[PDB]
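Breakdown of the fold
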Amino acid sequence: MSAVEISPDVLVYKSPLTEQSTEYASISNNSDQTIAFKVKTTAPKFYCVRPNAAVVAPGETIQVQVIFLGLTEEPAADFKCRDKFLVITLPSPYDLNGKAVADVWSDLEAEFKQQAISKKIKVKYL
Ligand SMILES: O=C(O)CN(CCN(CC(=O)O)CC(=O)O)CC(=O)O
């Protein structure tokens, strides 16, 4: 029932792929209740995600930097990147009491995993 929007479907990193480059995702909370999101990276050695977990207020949009750290050599044109990012969103109706989102995410997940809104963002090279 949560009106949460996660975008985009595919993050596109352009050549040269031996150079650092930042793409951006977005999580928009169009519901009337604050949510919390976490981003899991399938290839953490090559990407840095900021923020990896945070709260989104009603009507707020959080842009997430996905920083590709580059590769040692340019890859083949036919090569198909298999890296993915799982964005998971949950209700966050309890005050964090100063703790971070990651610190509470285990309990929040154990409570609301059935109501989680998830999106798998793919990665392609260009
Ligand atoms: O996502 C956007 O709207 C902004 N994009 C649009 C332009 N993109 C296309 C893409 O994301 O595949 C790069 C480009 O084609 O120059 C810029 C970016 O990638 O940082």
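What counts and what doesn't
Residues numbered from 1 in each chain as written, not as in the entry; some residues may be left out. Heavy atoms only, no water. UniProt positions renumbered as here; feature names shortened; annotations may be inferred. Helix = DSSP H or I, 4+ residues; strand = E, 2+ residues; numbered from the N terminus. Core = buried A, V, L, I, M, F, W, Y, C linked by side-chain atoms within 4.5 Å. Buried < 20%, exposed > 50% of the residue type's maximum accessible area, 1.4 Å probe, protein only. Contact = heavy atoms within 4.5 Å. Pairing = 2+ DSSP bridges. Axes fitted to C-alpha atoms, helices over the stretch in contact; angles between N-to-C directions.

**Brief notes about the UniProt feature "domain: MSP" in the protein chain**
Feature annotation in UniProt assigns "domain: MSP" to the following positions: residues 3-126. For the annotated span residues 3-126, helix accounts for 10% and strand for 46% of the residues, and the straight-line distance between the end C-alpha atoms is 32 Å.

**Digging into the nonpolar core**
Residues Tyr13, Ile27, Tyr47 and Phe85 are the most contacted members of the largest nonpolar core, which totals 25 residues. In terms of residue count, strand β7 (residues 61-68) provides more of this core than any other element does, four residues in total. Contact partners of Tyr47, with chain neighbours within four places excluded, come to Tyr13, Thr41, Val66, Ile67, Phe68, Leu69, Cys81, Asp83, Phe85, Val123 and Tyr125. Counting eight residues, the second largest nonpolar core, distinct from the first, contains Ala36, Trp105, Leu108 and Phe112.

**Quick word on the sheet that holds strand β8 (residues 84-91)**
Across the sheet, five strands lie side by side as β2-β9-β8-β4-β6; this open sheet has mixed pairing. Single-partner strands in this sheet number two, and they are β2 (10-13) and β6 (53-56). When strand polarity is set aside, the average angle formed by the axes of neighbouring strands in this sheet is 20°. Looking at chain direction, β8 and strand β9 (residues 117-125) are connected through six bridges and run antiparallel. Paired with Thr89 across the two strands is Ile117, which belongs to β9. Lying on the sheet, helix α1 (residues 101-112) is in contact with β4 (35-41), β6 and β8; it crosses β8 at an angle near 75°.

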